[PDB]
Q: 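One structure follows; several queries about it will come next.
Order of appearance sets the numbers: ligands from 1, and atoms from 1 within every ligand. Chain identifiers are assigned alphabetically (A, B, ...) following the order of the sequence lines, protein sequences preceding nucleic acid strands; residue numbering begins at 1 within each chain.
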Amino acid sequence: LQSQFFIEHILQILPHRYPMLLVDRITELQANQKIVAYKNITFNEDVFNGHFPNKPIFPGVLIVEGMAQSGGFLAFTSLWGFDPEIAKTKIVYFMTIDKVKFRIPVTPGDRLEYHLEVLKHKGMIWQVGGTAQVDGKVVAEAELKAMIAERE
Amino acid sequence: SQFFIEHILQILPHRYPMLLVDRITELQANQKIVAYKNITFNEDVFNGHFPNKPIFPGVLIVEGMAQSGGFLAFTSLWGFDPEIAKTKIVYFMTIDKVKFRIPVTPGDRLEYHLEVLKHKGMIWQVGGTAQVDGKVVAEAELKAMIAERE
Amino acid sequence: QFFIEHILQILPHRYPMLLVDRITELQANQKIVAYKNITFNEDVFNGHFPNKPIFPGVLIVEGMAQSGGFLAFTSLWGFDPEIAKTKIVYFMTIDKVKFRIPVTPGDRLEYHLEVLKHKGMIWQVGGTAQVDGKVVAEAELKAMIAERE
Amino acid sequence: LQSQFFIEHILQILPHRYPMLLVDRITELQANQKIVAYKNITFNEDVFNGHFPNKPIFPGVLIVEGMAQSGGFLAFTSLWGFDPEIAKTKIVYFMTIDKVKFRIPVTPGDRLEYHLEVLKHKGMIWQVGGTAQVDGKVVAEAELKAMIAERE
Amino acid sequence: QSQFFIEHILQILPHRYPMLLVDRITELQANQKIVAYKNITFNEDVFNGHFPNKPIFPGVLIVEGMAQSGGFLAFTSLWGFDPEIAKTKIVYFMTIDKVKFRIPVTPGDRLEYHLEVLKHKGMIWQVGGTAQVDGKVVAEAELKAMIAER
Amino acid sequence: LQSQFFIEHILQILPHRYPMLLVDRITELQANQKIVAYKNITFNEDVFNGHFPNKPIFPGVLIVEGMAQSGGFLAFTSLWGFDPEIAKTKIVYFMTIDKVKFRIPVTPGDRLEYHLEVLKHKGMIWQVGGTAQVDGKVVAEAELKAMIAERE
Ligand SMILES: O=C1C=CC(=O)c2c(O)cccc21
Ligand SMILES: O=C1C=CC(=O)c2c(O)cccc21
Ligand SMILES: [Cl-]
Ligand SMILES: [Cl-]
Ligand SMILES: [Cl-]
Ligand SMILES: [Cl-]
Ligand SMILES: [Cl-]
Ligand SMILES: [Cl-]
């Protein structure tokens, strides 16, 4: 398993697609321990047409979704390594989300960095927690438990 | 007590594709609100969540509950006031105790049920559930702060 | 009942022109009852009209045609995804359409279509579009099913 | 009252906007009588993503909508002339549609020409009828009644 | 063939919405020139931002359409109408030069691309020509591309 | 006239809007001389749906557009400073493009940096030239001439 993955590899692992694939690159990855990835934020995103007019703010809930997708990638690769064929048959689902705090608004031009760490994992159940960061500052924090389920 | 999309557009600053509340069916100042958003396949979000298997994002269910809560908090203090609405902004500080029990799909009428857990000044704490046809599909607690726009 | 996943296996239409979310009643060569939810979160509302969301009357008719199409596919070949994936549908005629009440975000647009006449791939249906029991539209139409190529 | 109008003139009269403004140019207009206009059809339009995958066919219902908007422009300018200030607070509701027949499929690269004639009009209620044409051939026929109304 | 419609264009170019800017090919002479076009309609997403109340087809996209037309010419010159082989090739555009914009392009216009082969040496193809609207030159440009395996 | 502007400032100066506003932030600006700006590239952009499926590549022509917008922002602030009121009465027309080279493909996760210097300028006619950079490496080169015009 490698520690750097680009959009080409992310597409083979996650089932998410436009406009809900919110992870552009993975810069760090340690099986069963953690992942550091990021998503660039540009004004050229449909979401900003409505959030908000003349005041582009990346939705806090989408920041969380981004953290979870990172967590999902970590959970899957920790178990099966980089396996596109099997990834194609699994899908990660949100079971819970706790302790979410928004500290700083995210705006176009920002590099939304996801920092997730494994709090607990047994089989298909994974509990991850971490933060979203912009140039070293914590813009958000969150904890969530996900499940690796069958796609079919 | 019953507000339609037009009224909603005058209170919330959210616009397409992030205004996730279609109609308000109940509102008791400082107490509770019941509102909903219809889920249809004709939504852009379904192109990627997911291809060949449409599932309304859990995070968007939460966003929907927040918007309902913020509408509750705002109207409770200022009522249906478009003019004042433009001078205030309701952003969320925290979100806690979120649980997803059932997937929401095209055809569902996603109903939001939020009650004011507590409020002090401009800090409001709401909580409740997301319901589809009488069943709880999600639940969450949120803390919001009402501030002056700008 | 047939859900979005099932509808997708039969109708060729896709986003943003698939306007039927669920089928509630189906009786071969007789009639069909289905619906589509209307939410503000639809791209059409950006232009129809700004600050005044009104589902286009022509899309209500499209939704009725698609409902009729699903009735046609299944009456002809049953629920067969394999044969379905080779076909598309063309509108032939539209007639006697009347709009009585505007459809807006929050509405559950229900389609009620019955077979008026059919032969081969050519089907003629008629009925109404309803929101909470009240007729919001009436229409008759004839459509043709044809091979992708 | 001119006889040729361009997209900028159409935007000041019709309340329709993207993705439902289906008239690109008006080539000839006779008040309270007839109007000829057209909309270019390109693959670069969102409806094609879903109608149908791998086989782009401009929706018949949108051709009717286009004929309706051509009628609406005719109807409005016949009433108040070319007045954007009066126009900016009006909308147009479809009332009835009759005897529409589609003869030829419309596809990308086509110049969809609308020919509408006023069959009967009273106040805000206009009943127009005509055809949609591509390269001189009739691809569609339709009769419709629309109402112009003040937004409230 | 000499006249290719959208269905054919789709089988040769990998470009898809909203970046497939060639609707139909009207003339094609292997290794010499290609005449094609793209209709310009207000119902295009690009006009939402370029520019509000003043729809003007982006000049860079006129050049993109010309580049796409050059690629179809190059490709069809090597293998003709071959969808299967098309899936295994890519046309990288290396340079763009001498482009001049003389007349703005707007909704209602039939943007016609006129490109000819200026030089073909190996995997490198150099094309140049003009974009026209109703007989008049609206733009001109030269482009160099390389053929390679996808 | 400062040297750093964020999206809220770019919105008030450039007339470009979604999905054609391709500059997210300004980092360096010397009136009548040079400018350095950037646009974050994310998979979450509609343009990638068609360029190309299963292989996101930011269109070379859009990189040039991005450089033009940066130049236009330089030009306008050079002649009027940060004046939203006057900016609202203008648009920009591409006049020529020359010497463009695409050396490295741009993909999601990249920080597309625009470097432009003023080659020549008189009245509303500005001629800039420079490069587009990603992590210090030249990804593209171009020279272009634009004109600021009264939107009449
Ligand atoms: O993270 C945020 C902190 C404060 C704030 O006001 C805010 C906001 O208004 C919108 C999104 C995020 C934030
Ligand atoms: O990758 C391609 C880019 C442009 C283009 O024109 C093209 C093509 O015409 C055939 C195969 C691949 C490509
Ligand atoms: Cl937010
Ligand atoms: Cl979900
Ligand atoms: Cl209507
Ligand atoms: Cl059709
Ligand atoms: Cl331009
Ligand atoms: Cl490119």
Q: Run the ring pair (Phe, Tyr, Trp, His ring centres under 6.0 Å) test against C:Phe40 and tell me which residues pass, sequence neighbours left out.
A: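 None.
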
Q: Can you tell me which residue pairs pass the salt bridge (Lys or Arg N to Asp or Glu O under 4.0 Å) test with a partner in residues 46-67 of chain A, sequence neighbours excluded?
A: none

Q: Can you produce the list of protein nitrogen or oxygen atoms under 3.5 Å from a nitrogen or oxygen of ligand 2, alongside each distance?
A:
{"residue": "ligand 2", "atom": "1 (O)", "partner": "E:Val91", "partner atom": "N", "Å": "3.2"}

Q: With heavy atoms only and a cut-off of under 4.0 Å, state how A:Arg103 meets ligand 1: side chain, backbone, both or neither.
A: backbone

Q: Checking the N or O distance criterion of under 3.5 Å, is ligand 1 in contact with A:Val139?
A: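 Looking only at distances, the answer is no, because the N/O contact criterion of under 3.5 Å is not met.
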
Q: Please identify which atoms of ligand 1 are closer than 4.0 Å to at least one heavy atom of A:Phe102.
A: 1 (O), 3 (C)

Q: For residues E:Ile25 and E:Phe72, report the shortest heavy-atom separation together with the two atoms involved.
A: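 Where E:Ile25 meets E:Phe72 most closely, the heavy atoms are CG1-CE2, 4.0 Å.
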
Q: Can you sort out the partners of D:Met147 under side chain to side chain contact (heavy atoms under 4.5 Å, CB included), two or more places apart, ordered by chain and number?
A: D:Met95, D:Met124, D:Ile125

Q: Where does the angle between the aromatic ring planes of C:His48 and D:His16 fall among parallel (under 30°), tilted (30 to 60°) and perpendicular (over 60°)?
A: perpendicular

Q: Indicate the atoms forming the closest heavy-atom contact of F:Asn49 with F:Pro53, along with that distance.
A: O-CG, 3.8 Å

Q: E:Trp79 vs E:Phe75 aromatic rings, parallel, tilted or perpendicular, using cut-offs 30° and 60°?
A: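 Aromatic pair E:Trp79/E:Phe75 classed tilted.
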
